[PDB]
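# Examination of the molecular architecture
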Amino acid sequence: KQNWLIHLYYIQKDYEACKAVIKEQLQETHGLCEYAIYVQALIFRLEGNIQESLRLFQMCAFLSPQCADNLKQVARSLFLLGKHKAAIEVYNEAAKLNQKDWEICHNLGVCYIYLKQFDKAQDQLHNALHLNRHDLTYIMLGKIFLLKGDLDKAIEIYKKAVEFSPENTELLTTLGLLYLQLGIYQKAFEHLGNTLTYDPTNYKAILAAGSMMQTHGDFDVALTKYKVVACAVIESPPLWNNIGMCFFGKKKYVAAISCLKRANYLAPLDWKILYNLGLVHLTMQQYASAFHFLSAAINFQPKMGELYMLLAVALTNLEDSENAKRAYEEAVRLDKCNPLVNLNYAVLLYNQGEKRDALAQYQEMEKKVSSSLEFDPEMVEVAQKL
Amino acid sequence: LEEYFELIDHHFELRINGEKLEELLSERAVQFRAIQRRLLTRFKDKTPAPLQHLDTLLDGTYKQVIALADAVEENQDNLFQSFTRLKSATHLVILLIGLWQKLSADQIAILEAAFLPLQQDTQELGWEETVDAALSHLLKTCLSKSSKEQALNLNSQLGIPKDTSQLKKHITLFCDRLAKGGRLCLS
Amino acid sequence: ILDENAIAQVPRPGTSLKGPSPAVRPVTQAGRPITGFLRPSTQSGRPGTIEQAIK
Amino acid sequence: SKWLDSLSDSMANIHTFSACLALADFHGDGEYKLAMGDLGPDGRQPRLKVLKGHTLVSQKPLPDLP
Amino acid sequence: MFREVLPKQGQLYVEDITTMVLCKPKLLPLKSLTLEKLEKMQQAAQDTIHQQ
Amino acid sequence: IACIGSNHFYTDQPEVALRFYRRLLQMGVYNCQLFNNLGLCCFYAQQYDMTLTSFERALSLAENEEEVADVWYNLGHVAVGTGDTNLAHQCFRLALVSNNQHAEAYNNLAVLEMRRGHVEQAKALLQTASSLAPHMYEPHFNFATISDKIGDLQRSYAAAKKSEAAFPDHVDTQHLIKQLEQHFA
Amino acid sequence: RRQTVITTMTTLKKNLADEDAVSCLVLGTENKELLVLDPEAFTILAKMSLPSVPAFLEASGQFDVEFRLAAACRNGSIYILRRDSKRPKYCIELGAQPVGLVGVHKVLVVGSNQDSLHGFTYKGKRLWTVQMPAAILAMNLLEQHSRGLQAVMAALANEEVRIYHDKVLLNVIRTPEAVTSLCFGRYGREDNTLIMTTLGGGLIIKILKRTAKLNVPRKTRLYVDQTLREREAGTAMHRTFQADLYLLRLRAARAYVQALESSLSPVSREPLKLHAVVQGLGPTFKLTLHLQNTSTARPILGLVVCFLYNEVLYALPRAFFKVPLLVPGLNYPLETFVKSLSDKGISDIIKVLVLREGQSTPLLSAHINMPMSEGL
């Protein structure tokens, strides 16, 4: 029962003299220490070996069969493996022995979330709140809400969360991103800027804020904010895609596709970078690469109408107009809230001399009205012509 | 289940002896290599230098290496004979379990595949690991119902064990849960 | 492994023999990414022990 | 550089913690000695070592680990 | 006539969700003349053995 | 020319590497390696009219089973770029058929499998890859990621550590290691 | 008998808060008690209960007026015990077990096992946090009365002592081997000695002197000339790429059907995978087959492995052998010993067919190019 030596060899990240003292103290007491096996298990856990911390903490539970901490540690070592059902059924008995510790509630909530049992997980995390609330409870609750239903409870629970302990970056950035995915924008910028105040150069908030600024023009400020972190993460497909779109905003097409190709070499299976490569090659009038990247992104994202519209815009300029027809047919069947597809199909039909279903496409478009500076003139010119 | 476990324990003792002898031989070979490299560096130098201490250390280390090699050969042969006797033991045990619970031909083939895995022990795969993994899987997906047991006791791993306690626990549990109406399947 | 002829044992980084990151340029070992030209003397690393070399 | 290294020894065995490492003139005459109650290499030989200047002078054996 | 109007906004990532990494395309190194000749000689030895 | 060409190809300049390898082709070099490199620099320089014929020439000239496997591997990369995961699947599987110890083909085939939904196939393929080439950070990182996705934080950590051993300045491996160490404590 | 243990000691002043006065002892036990004793340890003066076993102690203030007993426990928290406490009544969380603690005049410092320093106040409110670039081994209470600087000596695992104080950048010192214990005090005759004991034994003594933009690539003329040739003649490139891709799909389907036909794939219901490794450079090789059943949950009972080899060049003892019950998710390494029989250096291929017992078509195959003999 002199365990202070094992304790100080553990807490000092020694882990090689500590095991020797464990051997000596199991040679002095033959076990029955309840704090040498505990610390050997914690050694094996903080080293990453949990298949043995499991057995050691199970011995500890064998030594003190009425103690919440040993069952806690065995079920934690069960959860840190893949096994969640057993972890839950050990947390059950650990709760039977004591219903006053919050950690049992929180970890039960997590394990239930893994098995898609969101109802009982919600209840367990409710009790975890009502006992002694911690931020992780809020984060896991938000995960339940987002994977389960709508954001009209996630934003409220994350607001409740950030209310206290507001200097926490994870909660702030998650709430900002939830606002962004929601309708509101100004609040998203508010919370992400708060994150940037607390954490000056974090990747998540900087990326999201740059996306916001890009969507509202402001390509230079977004480019500087990317430069803030462009060395902390030198090879990340999202950063280079956003930088390529920053340059494409300010008519620097060559640097735009250089950034987009560097991003696409690092993520050949992402459809946003491919959509961007195809769009920019439509703008530079390549029509032999635009079609390539657009068809690739179509393969990776087949349920999108803008991709088929742009594949058709590329095919129309490739002396291949029947594939343009059928692509536009897929595009109009898939697209609901973007009249540019209908406008481009109407222009194709008109220039094909058809002019009869060109009015059908114009009618489909006007049923969807949204005004780009160039989306209006060609629209009204096709209009007066029909 | 009691004159059977004695052959399993004999086999595992031979395996553990072989692993100990292999570690001893590892150490002897490393020492021989160090001394031989010292002698080599001595041979490269142009100037004379007394070294009889070194070569009389080398001779001792080499005779110990020869001893340990012969001992590992002996243990390999003993282990092979123990494995061949254990094969017959487990043959008879499967026969008796099939007569004792009226096992069909397929339920006998599952036993013959789980309990009679391989032809001889190798330095990466042996008998106890394989039969214990197979029995754990069969108990886990055919007989057991509780999940805490399926995750804590019933675990399948393929490294040399520390003792035959789990293998014997699982063989007895397999016998008794066959006695309680359980039947064997695959998926 | 068994032939030692280098004088130093921990030479300054840059004075002994013992670019695109592995996220871009493939590698043959941990270091020394793939080259453009194979001569019959390229090393692209050194195996530590004898066990590390036979295996 | 802001410290003057008086002694940086490399191969003497001293395994003590900052709690069992105290300094005083346990004898008098206004000259400070350093007592260190250490367990030695491991929990075998705990011996109170007294240091005076640059070299050890005495190690009192202890019954258990300090 | 009418040219085809195109979208100008593009697609932007708002989060860096983790993905799975593919290995990268490999440029095969070019063998030297001496290496080629050594391989040629050993293959020729193997061949002139095989014919018996 | 080969060294500067490879360097140019890998530092975001496939057109200049194409110039260099085209120079090697003008001077009368005729290999499988040269033509594989040419097809790669063509596909990545966006010279789509000269890529696949160069790959077919490379396959013709290949005189081993490792060269054939590398050419099928690169053809699978061209397929992945083109946006067809079935042709990519077949090309990586043919890279394996031609050379069973091709860790990169295993890694990419496991990525495509995990994209289909076959998590167990992907896990076994990534384990085979990370056992064939331990110095490759990609199978380690992939296995750690799809282990952490399913729990199993022990193997997730054991794989992230070897990832970071292979390519230490990798950022995602650092984030994953920090997450797992937080979980451990 | 029931055997107790003392785990930490610390002293506290009596009346005037100077070094010329006497100092009352404080102790912590493994049995959950904290004992404040007379400065000479002949009478128990204050027993105190602790919610958990203590690990580190510190004390401030005067005995009669008020004493503050900061006990950093092992349960991942500290407890400040004050006068007349039937329960310590003051707990503070940190989130882990502390590696030490340091009491400056007003604020208290705690070093976290997660490699950080956290400055609290005695009230219970966290004030400031800072991260350390290495693992904190041990800390202590530096002092210099001729200056007034009273900072923390934090030993790190990167062979360094490092901290950021309020305004000045001090406690920055390197060391050959990681230091594990520190004691700043008056040693010999000088008032500013620093003794340290490192990891692998050793001993360090330091005297303190009284004089205290983006990398967006560059696109050359080749890029513009080729985007020009694509702008003029994009349709030819598009058509020829589509033709070559149709031919490529044809040839890949052809080779894939051939490999299915000859069972040459080592990965292709019946979910299996097999690769082979050759280890050894002599006339004998360990050929180890890694065989794995890759399925959710179902074993594979009836399997066998056959070796197709040149019976002149290679001698395999067991060519045909059965395969154990492949538990799903486990790798089975099956060894064999190949022996090169060719008196010269002659290599050859070795095929491995994994197939069911009943059927006769290989479930899968592997190929091994056996290396050169290098034998005799």
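As stated in the entry header, the method of structure determination is cryo-EM and the reported resolution is 3.1 Å.

It is worth spelling out the overall build of chain A at this point. Counting secondary structure elements, chain A contains 23 helices and zero strands. For a compact globule of 386 residues, the expected C-alpha radius of gyration is about 21 Å, and chain A comes in at 29 Å, more than 25% above that figure. Buried residues in chain A amount to 56% of all 386 residues. Put simply, chain A has 40 plus and 42 minus side-chain charges, and the middle of one group is 2 Å from the middle of the other.

This part covers the packing of helix 20 (residues 322-334) of chain A against helix 21 (residues 340-351) of chain A. All names here are of chain A. Contact geometry for helix 20 and helix 21: axes closest at 10 Å, N-to-C directions at 155°. Classed by the angle they form, the pair helix 20 and helix 21 counts as roughly antiparallel. Viewed along their axes, helix 20 and helix 21 form a crossing whose handedness is left-handed. Taken together, the residues of helix 21 that come into contact with helix 20 (itself represented by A324, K325, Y328, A331 and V332) are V341, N342, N344, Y345, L348 and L349. The residue makeup of the contact of helix 20 with helix 21, split by class, is eight nonpolar, two polar and one charged.

Chain E puts 19 residues into the contact, and the matching count from chain A is 46 residues. A combined buried area of about 3,100 Å² lies between chain E and chain A, and 64% of that area is made up of carbon and sulfur atoms. Considering only the surface of chain E that becomes buried against chain A, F2, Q11 and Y13 of chain E emerge as the three largest contributors, covering 30% of it. Where chain E touches chain A, the interface holds 11 residue pairs in polar contact.

Next up on the list: the arrangement of the chains. Contacts are most numerous between chains A and E, considering all 15 pairs of chains that are in contact. Separated in space, chain B and chain F share no contact, their closest pair of C-alpha atoms being 13 Å apart.

By a frequent convention, interface size equals the accessible area lost on bringing the separate parts together. Taken together, the contact pairs 38 residues of chain G with 34 residues of chain F. Carbon and sulfur atoms make up 61% of the area that chain G and chain F hide from each other, which totals about 3,400 Å². Three residues stand out in chain G for area buried against chain F, namely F241, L248 and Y256 of chain G, and they jointly supply 18% of the buried area on that side. On the surface where chain G and chain F come into contact, there are two salt bridges. Salt-bridge contacts for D49 of chain F lead to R229 of chain G; the nearest nitrogen and oxygen are separated by 2.7 Å. Linking chain G to chain F there are nine residue pairs in polar contact. Broken down by secondary-structure element, the contributors of at least two residues to the side of chain G that touches chain F are helix 1 (221-232), helix 2 (234-262), strand 20 (272-279) and strand 26 (364-369) of chain G. When residues of the side of chain G that touches chain F are assigned to their parent elements, the largest contribution, 13 residues, is made by helix 2 of chain G. Class assignment for the residues of the side of chain G that touches chain F results in 18 nonpolar, 11 polar and nine charged.

To continue, consider a nonpolar patch on the surface. Residues and elements named next belong to chain B. Together, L92, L95, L96 and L99 make up a nonpolar patch on the protein surface, roughly 400 Å² of accessible area in all. Within the secondary structure layout, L92 lies in helix 2 (residues 52-100). Judged by relative accessible area, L92 falls into the partly exposed class, the value being 45%.

Another aspect to go through is the sheet that holds strand 3 (residues 33-37) of chain G. Working definition: the strands of a sheet are paired by backbone hydrogen bonds and lie parallel or antiparallel to each other. Residues and elements named next belong to chain G. Strand order in the open sheet formed by four strands is 1-2-3-4, and the pairing between neighbours is antiparallel. The sheet is open, and its two borders are formed by strand 1 (6-13) and strand 4 (44-49), each paired with just one other strand. On average, adjacent strands in this sheet sit at an angle of 20° to one another, irrespective of strand direction. In this sheet, strand 4 lies alongside strand 3 in antiparallel orientation, the contact comprising five bridges. In the strand pairing of strand 4, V36 is matched with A46.

Before going further, it helps to spend a moment on the pairing of strand 6 (residues 66-73) of chain G. Residues and elements named next belong to chain G. Most of strand 6 sits inside the fold, with seven of its eight residues counted as buried. Judged from the eight bridges that link them, strand 5 (residues 54-62) and strand 6 form a sheet pairing that is antiparallel. Bridge assignment links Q62 to a residue of strand 6, and that residue is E66. In sequence, strand 5 turns back onto strand 6 through a hairpin of three residues. With five bridges connecting them, strand 6 and strand 7 (residues 77-81) associate as antiparallel partners. Across the sheet, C73 pairs through a bridge with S77, a residue of strand 7. Remark: three residues form the turn of the hairpin made by strand 6 and strand 7, two consecutive strands paired antiparallel; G76 in that turn has positive phi of roughly 80°.

Residue and element names in this part refer to chain D. Taken across its six residues, strand 3 (residues 33-38) has six buried, putting it largely inside the fold. Side chains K33, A35 and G37 project from strand 3 onto one buried face, and the interleaved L34, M36 and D38 project onto a second face that is buried too. Inspection of the sheet shows strand 2 (residues 21-24) paired to strand 3 by four bridges, in the antiparallel sense. Looking at strand 3, one finds that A22 is bridged to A35. With five bridges connecting them, strand 3 and strand 4 (residues 47-52) associate as antiparallel partners. The residue of strand 4 that forms the bridge with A35 is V50.

Okay, unusual backbone geometry next. The phi torsion at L32 of chain A lies on the positive side, around 55°, for a residue other than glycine. Relative to the helices and strands, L32 of chain A resides in the loop between helix 2 (17-29) and helix 3 (36-46). Look at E374 of chain G: it is not a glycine, yet its phi comes out positive at around 60°. For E374 of chain G, the position within the fold is in the segment after strand 26.

The next thing to look at is the nonpolar core. The nonpolar side chains of soluble globular proteins are, as a tendency, buried together. Core analysis: the biggest nonpolar cluster contains 210 residues, and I243 and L282 of chain A together with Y21 of chain F have the highest contact counts within it. With residues up to four places along the chain from it excluded, the contact list for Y21 of chain F reads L27 and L30 of chain E together with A2, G5, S6, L34, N37, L38 and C41 of chain F. Formed by 68 residues, the second largest nonpolar core is a distinct cluster that contains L116 and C175 of chain B together with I300 and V323 of chain G.

Residue and element names in this part refer to chain D. What the four strands build is an open sheet, ordered 2-3-4-5; its pairing is antiparallel. Looking at the sheet topology across the chains shown, the edges are occupied by strand 2 and strand 5 (55-61). Neighbour-to-neighbour, the strand axes of this sheet turn through a mean angle of 25°, independent of strand direction.

Here the focus is the environment of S136 of chain B. Residues and elements named next belong to chain B. As for its placement among the helices and strands, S136 is situated in helix 4 (residues 127-143). Among the residues examined, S136 registers a relative accessible area of 0% and is labelled buried. Distance from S136 to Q166, taken between C-alpha atoms, is 9.7 Å for residues 30 residues apart in sequence. Not counting chain neighbours up to four residues away, the residues in contact with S136 comprise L154, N155, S156 and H170.

For the rest of this paragraph, the subject is the environment of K219 of chain G. Among the secondary structure elements, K219 of chain G is positioned in the loop between strand 19 (201-208) and helix 1. Excluding its chain neighbours within four sequence positions, the residues that come into contact with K219 of chain G are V254 and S258 of chain A together with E15 of chain F. A distance of 2.5 Å separates a polar atom in the side chain of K219 of chain G from a polar atom in the side chain of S258 of chain A.

The next point concerns a positive patch on the surface. Taken together, the side chains of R33, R37, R38 and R42 of chain B present a region of like positive charge at the surface. Along the chain, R42 of chain B turns up in helix 1 (residues 5-44).

Here we take up the packing of aromatic side chains. Each pair of aromatic rings is reported with the distance of its centres and the angle of its planes. According to the stated counting rule, one finds 25 aromatic pairs over all chains in the structure shown. Consider the rings of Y10 of chain A and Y15 of chain A, whose centres lie 5.6 Å apart with planes at 50°: the pair is tilted. Taken together, the ring pairs in this structure connect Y265 of chain A, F9, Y10, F43, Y44 and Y48 of chain F together with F241 of chain G into an aromatic cluster. Cation over ring: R133 of chain A sits above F164 of chain A, and NZ or CZ is 4.0 Å from the ring centre. Against the face of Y13 of chain E rests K272 of chain A, its NZ or CZ located 5.9 Å from the ring centre.

Rules used throughout
- Residues numbered from 1 in each chain as written, not as in the entry; some residues may be left out.
- Chains lettered and ligands numbered in written order.
- Part of a larger assembly, values for the part shown.
- Heavy atoms only, no water.
- Helix = DSSP H or I, 4+ residues; strand = E, 2+ residues; numbered from the N terminus.
- Rg over C-alpha atoms; globule rule 2.2 N^0.38 Å.
- Buried < 20%, exposed > 50% of the residue type's maximum accessible area, 1.4 Å probe, protein only.
- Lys, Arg positive; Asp, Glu negative; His and termini not counted.
- Charge placed at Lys NZ, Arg CZ, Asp CG, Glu CD.
- Axes fitted to C-alpha atoms, helices over the stretch in contact; angles between N-to-C directions.
- Parallel < 35°, antiparallel > 145°, perpendicular 65-115°, else oblique.
- Left-handed = near helix turned anticlockwise from the far one by under 90°.
- Contact = heavy atoms within 4.5 Å.
- Nonpolar A, V, L, I, M, F, W, Y, C, P; charged D, E, K, R; others polar.
- Buried area = accessible area lost by both parts, 1.4 Å probe.
- Polar contact = N/O pair within 3.5 Å; in protein donor to acceptor, adjacent residues only side chain to side chain.
- Salt bridge = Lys/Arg side-chain N within 4 Å of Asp/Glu carboxyl O.
- Patch = residues over 30% accessible without salt bridge, like charges linked within 9 Å, V, L, I, M, F, W, Y side chains within 5 Å.
- Areas by Shrake-Rupley, 256 points an atom, 1.4 Å probe, with all protein chains shown as cover.
- Pairing = 2+ DSSP bridges.
- Core = buried A, V, L, I, M, F, W, Y, C linked by side-chain atoms within 4.5 Å.
- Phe/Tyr/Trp six-rings, centres within 6.5 Å; stacked < 30°, edge-to-face > 60°.
- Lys NZ or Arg CZ within 6 Å of the ring centre and 35° of its normal.

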